[PDB]
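Since the structure comes first, as structure tokens, the remarks are kept for the end.
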Amino acid sequence: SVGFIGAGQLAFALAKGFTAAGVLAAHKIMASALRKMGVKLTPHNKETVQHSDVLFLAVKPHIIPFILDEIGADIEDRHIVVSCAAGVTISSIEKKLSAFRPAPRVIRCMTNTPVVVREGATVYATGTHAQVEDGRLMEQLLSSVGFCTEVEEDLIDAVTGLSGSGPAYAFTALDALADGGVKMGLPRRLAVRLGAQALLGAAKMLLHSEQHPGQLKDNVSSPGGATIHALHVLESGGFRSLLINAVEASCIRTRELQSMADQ
Amino acid sequence: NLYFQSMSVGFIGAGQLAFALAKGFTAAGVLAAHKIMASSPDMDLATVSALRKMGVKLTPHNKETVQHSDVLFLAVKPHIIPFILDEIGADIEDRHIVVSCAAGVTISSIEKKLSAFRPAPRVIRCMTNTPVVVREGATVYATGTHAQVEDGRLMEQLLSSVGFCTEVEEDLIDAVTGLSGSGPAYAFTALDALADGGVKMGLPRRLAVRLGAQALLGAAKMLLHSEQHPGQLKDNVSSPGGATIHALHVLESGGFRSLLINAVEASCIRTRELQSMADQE
Amino acid sequence: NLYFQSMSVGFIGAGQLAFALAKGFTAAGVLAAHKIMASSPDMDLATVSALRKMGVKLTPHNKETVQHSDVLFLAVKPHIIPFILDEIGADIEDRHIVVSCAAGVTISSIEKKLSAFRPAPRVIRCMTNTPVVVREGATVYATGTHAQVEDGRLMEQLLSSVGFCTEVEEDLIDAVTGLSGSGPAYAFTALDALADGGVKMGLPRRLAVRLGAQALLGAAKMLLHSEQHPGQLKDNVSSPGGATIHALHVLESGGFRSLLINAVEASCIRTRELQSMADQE
Amino acid sequence: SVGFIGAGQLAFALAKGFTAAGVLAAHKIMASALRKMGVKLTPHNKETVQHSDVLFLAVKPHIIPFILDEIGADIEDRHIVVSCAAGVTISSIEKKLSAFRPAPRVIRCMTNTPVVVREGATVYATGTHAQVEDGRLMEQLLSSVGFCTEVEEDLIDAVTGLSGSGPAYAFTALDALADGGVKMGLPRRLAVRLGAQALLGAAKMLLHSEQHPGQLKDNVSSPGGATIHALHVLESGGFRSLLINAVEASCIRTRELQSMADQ
Amino acid sequence: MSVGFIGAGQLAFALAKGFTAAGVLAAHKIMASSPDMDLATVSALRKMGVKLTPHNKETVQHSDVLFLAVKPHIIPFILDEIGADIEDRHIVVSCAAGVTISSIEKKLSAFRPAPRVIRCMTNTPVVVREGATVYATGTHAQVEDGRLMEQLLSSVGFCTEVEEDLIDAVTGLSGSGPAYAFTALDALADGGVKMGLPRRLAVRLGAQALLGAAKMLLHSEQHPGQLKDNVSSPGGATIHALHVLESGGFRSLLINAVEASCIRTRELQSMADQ
């Protein structure tokens, strides 16, 4: 049994991904188009906690404690509490929950919206009292909707900057690539389709290759060709540096949010 | 569905594109490796020996590839095409469909050269990309004057086995080159850079490369499976005050969007130049 | 609908905002001009004499405005608010709703000052903008500790007569200031620049000003009447190879988008500073 | 009776605008959601021309002649031919049509998509054989869906750069303003609503004022305030120059398209 | 002596207002003609005492000195309209942007030989009698014509004779100059408002600062760099501010403007000479 606290864009994404995986029946999950896929709903978080065994929390960082205060009394020995809330630290969750019952089993998750098409990127960190089997169960569950691996909690800020914010970098890139295609005479719908297919195929090539991305870049840029001409104009605008800047900005903002959680 | 489990394919050229197409086609099961022959001027390349291990037939003689083939792919550097056409023109038969992947080389230029030998050559111009090697390529094609309707149908069936494929008017192919032709190199560059940023912020390189590649693959699949605008998805995922909208602002401040427009335009314009450089000679 | 055709409104301040609100309210017919009183320290301003011609009552004495009013708008420079509250605090009655439009001045700071005199002051914080003068303003409000539910309802009815109006949590008002508070100045700047571009390309200035203002008004109305994303509308209107997508590229190359993000952020941050500068004193 | 040749985004926009104006009944217009509002449809341009008195042409520039060749024989004395096609010159239309019948009555229109909410910006130029009453009828028709005025044909390129492309500049601006609002903590939907309302209100203020936009800027920027701080950061990025660059780029591209028409 | 204006735009008004404010001409001796005269320009000119008429030929018949202050591409049309009405007594003074003495003489010479033509590059501050004007004399202008022109244009500001091939550069500098100043003053006022000044005071102080600095330079033998040195105390506010101007290439932007305006003027002279 799984539950969600928050019905944001990441709650639906995970529920859609889990049900599409066939790893969970839609009626064994309740949250606090969901009904269309057969997801029980409620406006009282206490009802989800009662229902749940593994319990997800999807809320804004500054909202989490209020759910914890409300449900803290109902956390049982059986519960694994999995927080996806951006910037909320394991420490802040355990401190709240330990006021009610000692040894809350807490896992901190950093996932992304492509779990909705089962191509997510997820990392997780295990809390003070999570047993070894809890982390293994987490990895098996989140592996059903994409890549999943364990990290130390102090890398989640960096992961956020890369694969957490990554999809938005890609949506920005795909909008611009389609603008470029339209400038050069392509219909908008075809430009969006072609750019998305190019990025998907390149990403899969890299994941299926043992080679460096620079190596694949080299392999595809013929001497004097169209592609190396285009790579030059990327380089002249500092394209690489902007993506480094982005990962860094999102990571650093996550640290500022983690500090507000730990205040 | 058209029956072609018994047709032969040839590549003039044995480089990255010929390898990627042969690998994708055989992995799709639509062609048996022994029905594929590729010819290379320098048969000491890495792509050549990998074609051998696949079971493709390799030869130094372009005429042998022609005599083997029903579908004939031209996958050589562009300024080589006029010499290849002179070399094999008299070996083109009525059965041949000639599929040019040479960037910028136009249908008219190919038909002009081949018409000197036998009238009505069946020519298709293709714009595809290396991710056909994992069957996720992006392919467009344009059909020539003497290409029968069934030739375009066969073309689309074959290239759809290794990725997206659709027919366009020839005058869009230069723009497609700037977008999905060059597209994978833009993504490889972005992925190297994203991984550098992950490493700067403390991730191991191997994990940074894996995470950034998975983010890009997932985002692209989301867009393809959504009816929605990429701006709508950007809005959907960017929580107020959060890490992502902070990172998007630093992308905007460097003109990130404009660089990708610049790239599509430059690749397209260079493709037009190569085509005009061709015809001046 | 709440009956208030018989309540009196007062403005502390008689500047641009007080004029714009009085003009919008009277043009909406929701208030008669003689039910409005405004007080100014310098009654030699242009806004003062225009208020006179409208039929608004003008006075130099802030206490007289308070004794006249049921709804009391504070529309003065921000660092003036502490002195005004000291001056009129003992004149606040149980009937008064105090509506602060002072940028950055927080509900807590106002309630602290007014609580010294009479407990439970009814305070609402407003963030509105000058286009209320043509009844197309953008207004948000936040209700204070002692504001009854009906006070927020009355507030929204009144401010909705002159534009969009909705209730927010107080901690969004700084961001609203950066966006719709300052927004009209960003548009005036853009319209001057657009007109310069029209004149450069040969249009008469008067026509350039009219065309650019109409383009902006129409585009904004389209967005408000569409469910769609502004990126979707940008895609809808940008024909392949056309004039508009060429112009969008030059906007992107200068980081146009990032400048507007920078502007919203700077106005918001300055608004936070003014609020913190307040409380340090 | 009115007809449309092309069912692009501008054909629907005009038909939606005319029907919303009550200046035309939807069934007195045919094109070559339209049926939903009661607009007769057909795939043969010759059928619209037969049906029509005033005849609009909405097609890509490089497509116009093919409609003219197809319908040229059917143009009658009664017809006013109104081209909205981007970059297609009066000269290129009259030259094609005069091969069939002398003295075609041609008007060249530069309108924009906000005609769909009856806030368009339209200019028109009258051709060699348009009578005076034709231009007056045009102005009355296009005034029902926004501002309309006559110009010389050699200003249409400039108008395109300003009010033709203008709405896209505004959609770009509104997306960025909403990104800024979201960065500073606002929900996306509220940020989009507030920014659009701010731009609409500012534009209306300017249209209802006799004052200069600089004058309204001055009137609203209080000393030391939030707004003048934000205006400074616009100025430091050359904000004004980018909008000049845009009007110029769209105008110049229109000239290049007019040259392809006149080749 | 009497003066005519073909054209009633901002520059013909400025000259007419300046000439009348100077008293060198009684306004009833001034005629202006336009096919569509601005609503406020009619009332201002009529209250000024300026005779108004829609027919360019009435202006010509009325005038001894005849200013042409119209959009450049209109000029060939004007010259063909009035060319037959030019007499020996006429001095034709062109203010039209980039219209060359050659293009005017070629047109006028078709009607009567030896048209007396002067080309003028003036600016709008003639309206407050602080204009900057240069002029070039044409092939058949007599020596006394140039003298009369300089005496007239000196009544409303600085005036000196130049070779015609410097008028493009003069356009870039003093012709366009006032607009550079108006742009500068708006920005300086934004800066004053940013730092806490009321808009009205900021506008007044910046305009007064510019006026006084320009007068200092005019009344000085000294280099502008030398005046900059005299007012910049060590470590002070002013040298700090000059540094941030330097870091943005302030000087280069003004050189760019002069050059761009000059070069645009040459493009307009080519169109006239086409």
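Throughout, chain D uses Swiss-Prot numbering, with the displayed residues spanning 2-33, 44-274 in order.
Determined via X-ray crystallography, 1.9 Å.
Even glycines carry a Cβ here, placed using N, Cα and C.
For reference, Swiss-Prot has these:
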- D:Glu164, D:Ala237, D:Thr238: L-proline binding site (BINDING)
- D:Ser2: N-acetylserine (MOD_RES)
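Within 10 Å of the C-beta of D:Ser2 (N-acetylserine) there are 14 other C-beta atoms, taking all protein chains into account.
Spatially close to D:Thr238 (L-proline binding site) yet at least six residues away along the chain are D:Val231, D:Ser232, judged by Cβ distances under 8 angstroms.
Calculated from their C-alpha atoms, the gap between D:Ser2 (N-acetylserine) and D:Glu164 (L-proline binding site) amounts to 26 Å. Contacting chain C by the Cβ rule (under 8 Å between Cβ atoms), the recorded positions D:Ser2, D:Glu164, D:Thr238 reduce to D:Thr238. When the record's L-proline-binding residues D:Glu164, D:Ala237, D:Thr238 are compared pairwise by CA position, the greatest distance found is 44 Å. When Cβ atoms from all protein chains are considered, those within 10 Å of D:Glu164 (L-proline binding site) total 17, not counting its own. In the three-state DSSP assignment, the secondary structure recorded for D:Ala237 (L-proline binding site) is helix.
Packing around D:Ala237 (L-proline binding site) is summarised by its Cβ count: 27 other Cβ atoms lie within 10 angstroms of its Cβ, all protein chains included.
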